[PDB]
Amino acid sequence: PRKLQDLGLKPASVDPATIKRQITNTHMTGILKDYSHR
Amino acid sequence: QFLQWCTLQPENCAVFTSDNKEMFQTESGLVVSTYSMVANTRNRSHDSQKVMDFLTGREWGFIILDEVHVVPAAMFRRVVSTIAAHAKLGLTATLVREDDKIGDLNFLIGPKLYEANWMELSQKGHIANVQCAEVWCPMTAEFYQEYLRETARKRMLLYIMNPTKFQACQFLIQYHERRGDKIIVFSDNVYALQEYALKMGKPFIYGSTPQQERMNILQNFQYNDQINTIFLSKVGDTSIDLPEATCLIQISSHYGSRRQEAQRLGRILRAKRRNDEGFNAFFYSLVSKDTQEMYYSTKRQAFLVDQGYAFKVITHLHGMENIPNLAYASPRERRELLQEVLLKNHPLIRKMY
Amino acid sequence: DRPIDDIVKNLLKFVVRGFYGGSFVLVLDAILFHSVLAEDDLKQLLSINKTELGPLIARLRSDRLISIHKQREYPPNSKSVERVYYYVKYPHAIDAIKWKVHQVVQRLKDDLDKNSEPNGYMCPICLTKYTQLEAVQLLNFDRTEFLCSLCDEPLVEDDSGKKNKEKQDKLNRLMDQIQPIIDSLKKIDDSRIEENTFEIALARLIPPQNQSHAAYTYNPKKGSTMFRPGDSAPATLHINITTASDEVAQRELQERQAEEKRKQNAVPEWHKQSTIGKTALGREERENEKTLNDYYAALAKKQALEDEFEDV
Ligand SMILES: [Mg+2]
Ligand SMILES: [Zn+2]
């Protein structure tokens, strides 16, 4: 791909190296639901 | 509230509490601390000592004293003198206290600038209306027999857990829960608070609970439909915002203190739905008949009457007998409660073991 | 799908049919007609032995017109064996084709330019080529004939003096013959192609056989950090028709909701009436219609396998 760009030809590919991988009240044992955010 | 209302960037704001003590290094900023941190004089650690030097060294311009009705105390008033500021503002809903030190606020922070009438704001839709009521709960004969003999110190505990008040509190809570009301139950006595919650199977909050747990309980009580009632204590008596709270019950509270009655009433004055037609917040104060609580109850609500709120006497709750079950209905259970409340008062050696 | 995919396929078809022999067309066409194709399936599709398939796959792999993918398979009834799949990575093939076309054209242009220069010289004995500059310094004292260094023999003028036109003809033919490739590339550059992968290619798979042994599935190993070279590439609507009977029913439901709505703000009974005097708390037309219908009728007459699953 680098060589084609040097000659002015658009390369339809990329270098693979450029790809990046990507307490109280305990009598309510389970009644209390975690409404932490709204 | 500061971040959302104004445009101050988070960079210039520093909070000086027991958790974090970092101070802003920018030219100017804000410090939202507590009187306990600034009023301490004897034991300040290295982390807090550096903050104290930063506060004292610089010449500040403004100081805001929320709940300024506790500034003229013995050592809370030291912060006013120690902290240098060219202007001082006091913000308290109630400007009264038991002792005659209330008038001292004139020279600690200045005179009274403006006072807003409670009734005028209520009719303008800015604050909710409250139907204050006082329920008379006559104590049963068996309990009252020990009331006369028992000493005053244990007398409080005796009539705070009278069976009649349990029935009133349970019936009122269930009736308002059916209506769909967020109920807050206040109780100064920790032991009574625990007894109510353990039997009723409802969450309770008191001084020993941590910040994380109480916040989790508070969040559940607000955003969850399953839980609609909580059992608070003197901790949440002031400067707590509960928009969803509409109903309040006070089984027993802090003797003759008046500000406690008014400040606790302020929790349900926060009702979000304070403009819908026909809405009336409910504020109850269960009081045992033929007890010193009547003397305290009539004395503590002497500030609300001055403001304009009127208390209604409820001798009996209609439909209370048809409720399926009530606490301590049979004599056997009542006597069991009476006895319980009456009874209240070398590496080598290591391998061997 | 997309129009560009056909353009890329056409470019590959022309390249394989022109610049490669016959068997190459069969292999690439089979892998273009289908998606990722197992080696065993490819053999039986063309009925060509493994030895003959080797040269075709190897050369196509060398030119990067076909990509390879090896993954471990675990047949439920046989010991695990490594399987090889072949597919086409369009960015790779287009990239390879573009470079080769430029190189061939450039080589002819350079060769054409070279032929325009003077012929040169060579020694018949040692077959050593001498340039005009190099031959000038090796001439004899009489300065009549060039002399070789190794052989000390007269040199002979080189050929290629008459090819000035032949190479021009060669360049003319290739450009005209290779026209469709440039036209296809021009359209390819205008659009943007997405790089193909073994998993991606499987989306367009047309199974070659009925009971192919190879499993045409990509089950990547759970949470594996290993990386191999060249193996990585860049609500329902229901409608209910409400009739007159249903419309009033909805009104009744709405009326019930309104009645219940006021209750949450309604004042209790204790609050309403002052309770001081009460006790304490604690402890036939059908026949007429028929005759009318008969009468009106008379009037008209007178006038006239257990696996985990979820419900989707
Ligand atoms: Mg406030
Ligand atoms: Zn020679």
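Residues numbered from 1 in each chain as written, not as in the entry; some residues may be left out. Chains lettered and ligands numbered in written order. Part of a larger assembly, values for the part shown. Heavy atoms only, no water.

A closer look at the overall build of chain A
- A tally of regular secondary structure across chain A gives 1 helix and 0 strands.
- Here the C-alpha coordinates of chain A stretch approximately 75 × 20 × 15 Å along the principal axes.
- Per-residue burial for chain A yields a buried fraction of 16% across its 38 residues.
- On chain A, roughly 3,500 Å² of surface is accessible, and the fraction owed to carbon and sulfur atoms is 51%. (Helix = DSSP H or I, 4+ residues; strand = E, 2+ residues; numbered from the N terminus. Buried < 20%, exposed > 50% of the residue type's maximum accessible area, 1.4 Å probe, protein only. Areas by Shrake-Rupley, 256 points an atom, 1.4 Å probe, with all protein chains shown as cover.)

A look at the pattern of salt bridges
All names here are of chain C.
- Overall, the coordinates contain 27 salt bridges over all chains when judged by the stated rule.
- The closest approach of N and O atoms between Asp5 and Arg204, which form a salt bridge, is 2.6 Å. Taken together, the residues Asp5 in helix α1 (residues 3-19) and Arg204 in the loop between α9 (198-201) and α10 (244-263) connect sequence positions 199 residues apart.
- Taking the relative accessible area as the measure of exposure, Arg204 reaches 35% and is therefore partly exposed.
- The partner of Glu166 in a salt bridge is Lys162, and the shortest N-O contact between them spans 2.6 Å.
- Residue class for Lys162 comes out exposed when judged on its relative accessible area of 57%. (Salt bridge = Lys/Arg side-chain N within 4 Å of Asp/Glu carboxyl O.)

Describing the coordination of the zinc ion (ligand 2)
Residues and elements named next belong to chain C.
- Taken together, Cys123 (SG), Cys126 (SG), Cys148 (SG) and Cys151 (SG) make up the protein donors of the zinc ion (ligand 2), found 2.3 Å from the metal.
- Around the zinc ion (ligand 2), the 4 donor atoms are arranged such that angles at the metal cover 107 to 111°; this shape is classified as tetrahedral.
- Donor residues binding the zinc ion (ligand 2) come from one chain and are separated in sequence as C-x2-C-x21-C-x2-C. On the criterion of sequence distance, the pair formed by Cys123 in the loop between β4 (121-122) and β5 (129-130) and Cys151 in the loop between α6 (132-136) and β6 (156-157) is long-range, its members being 28 residues apart.
- Its relative accessible area of 0% is what places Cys123 among the buried residues.
- What makes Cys151 partly exposed here is its relative accessible area of 23%. (Donors = N, O, S within 2.8 Å, 3.2 Å for Na, K, Ca; no water. Tetrahedral: all angles 85-135°; square planar, octahedral: opposite > 155°, others 65-115°.)

Here's the deal with the sheet that holds β4 of chain C
Residue and element names in this part refer to chain C.
- On the basis of which strands lie adjacent, the open sheet formed by 3 strands has the order β5-β4-β6 and antiparallel pairing. What marks the edges here is a single partner per strand, and that holds for β5 and β6.
- Of the strand pairs in this sheet, β4 and β6 are connected by 2 bridges, and their pairing is antiparallel. By the bridge assignment for β6, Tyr121 is matched with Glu157. (Pairing = 2+ DSSP bridges.)

Topic: the interface of chain C and chain B
- Contact with chain C, which involves 17 residues of that partner, is made by 32 residues of chain B.
- Interface area for chain C against chain B, summed over the two sides, is near 2,200 Å², with a carbon-plus-sulfur share of 53%.
- If you sort the residues of chain C by the area they bury against chain B, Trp270, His271 and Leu281 of chain C come out on top, with a joint share of 38%.
- At the junction of chain C and chain B, the tally comes to 0 salt bridges.
- Linking chain C to chain B there are 11 residue pairs in polar contact.
- Examining the composition of the side of chain C that touches chain B, we find that 3 residues originate from one element, helix α11 (residues 269-272) of chain C, more than from any other.
- Here the side of chain C that touches chain B is composed, by residue class, of 6 nonpolar, 6 polar and 5 charged. (Contact = heavy atoms within 4.5 Å. Buried area = accessible area lost by both parts, 1.4 Å probe. Polar contact = N/O pair within 3.5 Å; in protein donor to acceptor, adjacent residues only side chain to side chain. Nonpolar A, V, L, I, M, F, W, Y, C, P; charged D, E, K, R; others polar.)

Concerning a nonpolar patch on the surface
Residue and element names in this part refer to chain B.
- Together, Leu348, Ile349, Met352 and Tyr353 make up a nonpolar patch on the protein surface, roughly 580 Å² of accessible area in all.
- By secondary structure assignment, the location of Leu348 is in helix α16 (residues 347-350).
- For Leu348, a relative accessible area of 70% puts it in the exposed group. (Patch = residues over 30% accessible without salt bridge, like charges linked within 9 Å, V, L, I, M, F, W, Y side chains within 5 Å.)

As for the sheet that holds strand β2 (residues 67-73) of chain C
All names here are of chain C.
- The strand order across the open sheet formed by 3 strands is β1-β3-β2, and the pairing between neighbours is antiparallel. Each edge of the open sheet is held by one strand with a lone partner, namely β1 (37-38) and β2.
- As judged from the 7 bridges shared by β2 and strand β3 (residues 81-87), these two strands associate in the antiparallel manner. Each residue of the ladder has a partner; that of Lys70, found in β3, is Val84.

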